[PDB]
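The form deposited in one PDB entry is given below as one chain in C-alpha coordinates.
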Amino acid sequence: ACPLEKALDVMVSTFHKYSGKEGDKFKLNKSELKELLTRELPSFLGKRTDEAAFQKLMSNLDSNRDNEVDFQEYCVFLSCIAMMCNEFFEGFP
(Lines give C-alpha, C1' and ligand atoms only; values in the text may rest on other atoms or scores of the structure.)
Protein backbone atom coordinates (compact mmCIF):
# COMPACT_ATOMS: atom_id res chain seq x y z
CA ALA A 1 0.00 0.00 0.00
CA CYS A 2 2.86 2.39 0.86
CA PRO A 3 5.91 1.74 -1.40
CA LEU A 4 8.00 4.49 0.24
CA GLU A 5 7.55 2.99 3.72
CA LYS A 6 8.48 -0.41 2.24
CA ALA A 7 11.55 1.22 0.65
CA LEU A 8 12.62 2.51 4.07
CA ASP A 9 12.22 -0.98 5.55
CA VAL A 10 14.48 -2.38 2.81
CA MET A 11 17.08 0.29 3.61
CA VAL A 12 17.03 -0.72 7.28
CA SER A 13 17.05 -4.50 6.77
CA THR A 14 19.79 -4.46 4.10
CA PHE A 15 22.14 -2.65 6.51
CA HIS A 16 21.70 -5.32 9.21
CA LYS A 17 21.97 -8.13 6.63
CA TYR A 18 25.67 -7.21 6.41
CA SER A 19 26.54 -5.13 9.50
CA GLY A 20 25.82 -8.07 11.83
CA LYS A 21 28.29 -10.47 10.17
CA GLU A 22 31.52 -9.30 11.85
CA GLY A 23 32.57 -7.31 14.94
CA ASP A 24 30.23 -4.44 15.83
CA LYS A 25 26.83 -5.73 14.68
CA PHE A 26 25.63 -2.15 14.13
CA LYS A 27 28.48 -0.95 11.89
CA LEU A 28 29.80 -2.02 8.49
CA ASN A 29 33.52 -2.77 8.31
CA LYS A 30 35.47 -2.92 5.03
CA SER A 31 34.56 -6.56 4.33
CA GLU A 32 30.86 -6.03 5.10
CA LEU A 33 30.69 -2.83 3.05
CA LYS A 34 32.30 -4.74 0.17
CA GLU A 35 29.65 -7.46 0.31
CA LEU A 36 26.75 -4.99 0.64
CA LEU A 37 27.97 -2.89 -2.30
CA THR A 38 28.74 -5.84 -4.61
CA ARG A 39 25.50 -7.73 -3.87
CA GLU A 40 22.94 -4.99 -3.13
CA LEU A 41 24.20 -1.93 -5.04
CA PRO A 42 26.12 -3.39 -8.02
CA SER A 43 25.16 -0.43 -10.25
CA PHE A 44 26.99 2.05 -7.97
CA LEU A 45 30.62 0.87 -8.12
CA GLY A 46 30.11 -1.04 -11.38
CA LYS A 47 33.50 -2.47 -12.32
CA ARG A 48 35.31 -0.68 -9.47
CA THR A 49 35.43 -3.55 -6.96
CA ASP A 50 39.20 -3.25 -6.39
CA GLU A 51 40.80 -2.50 -3.01
CA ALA A 52 41.62 1.10 -3.96
CA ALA A 53 37.97 1.85 -4.80
CA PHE A 54 36.79 0.33 -1.51
CA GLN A 55 39.33 2.27 0.56
CA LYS A 56 38.25 5.52 -1.11
CA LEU A 57 34.59 4.66 -0.51
CA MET A 58 35.26 3.80 3.14
CA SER A 59 37.08 7.12 3.68
CA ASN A 60 34.22 8.98 1.95
CA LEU A 61 31.53 7.32 4.10
CA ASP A 62 33.33 7.17 7.45
CA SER A 63 32.79 10.81 8.43
CA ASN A 64 33.49 10.26 12.16
CA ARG A 65 36.76 8.42 11.35
CA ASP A 66 36.13 5.29 13.45
CA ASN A 67 37.04 3.00 10.50
CA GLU A 68 33.50 1.67 10.06
CA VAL A 69 30.19 2.82 8.55
CA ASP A 70 27.36 3.27 11.07
CA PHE A 71 23.66 3.52 10.19
CA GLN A 72 23.70 7.34 10.01
CA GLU A 73 26.71 7.32 7.67
CA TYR A 74 24.98 4.62 5.59
CA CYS A 75 21.88 6.83 5.24
CA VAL A 76 24.07 9.74 4.08
CA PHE A 77 25.59 7.37 1.50
CA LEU A 78 22.20 6.21 0.22
CA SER A 79 21.03 9.84 0.13
CA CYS A 80 24.03 10.71 -2.06
CA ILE A 81 23.09 7.90 -4.49
CA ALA A 82 19.46 9.07 -4.57
CA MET A 83 20.61 12.64 -5.26
CA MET A 84 22.67 11.42 -8.22
CA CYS A 85 19.65 9.56 -9.65
CA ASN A 86 17.60 12.72 -9.06
CA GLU A 87 20.02 14.69 -11.27
CA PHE A 88 19.28 12.42 -14.26
CA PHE A 89 15.53 11.90 -13.66
CA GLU A 90 14.57 14.12 -16.62
CA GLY A 91 16.85 12.19 -19.00
CA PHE A 92 19.32 15.08 -19.08
CA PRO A 93 21.34 17.04 -16.47
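For every residue, the number given is its place in the sequence shown, counted from 1. Between two forms, the rigid core is defined as the largest C-alpha subset superposing within 1.5 Å.
- Stretches 45-53 and 31-39 differ in mean C-alpha B factor, with the higher average recorded for 31-39.
- Of the two segments, 81-89 and 8-16, the one listed with the higher mean B-factor is 81-89 (C-alpha atoms only).
Just so you know, the form deposited in another entry exists too; it's not on screen, but the next bit is about it.
- Only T49, out of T49, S31, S63, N67, shows a C-alpha shift of 2 Å or more between this form and the one not shown on alignment of the rigid core.
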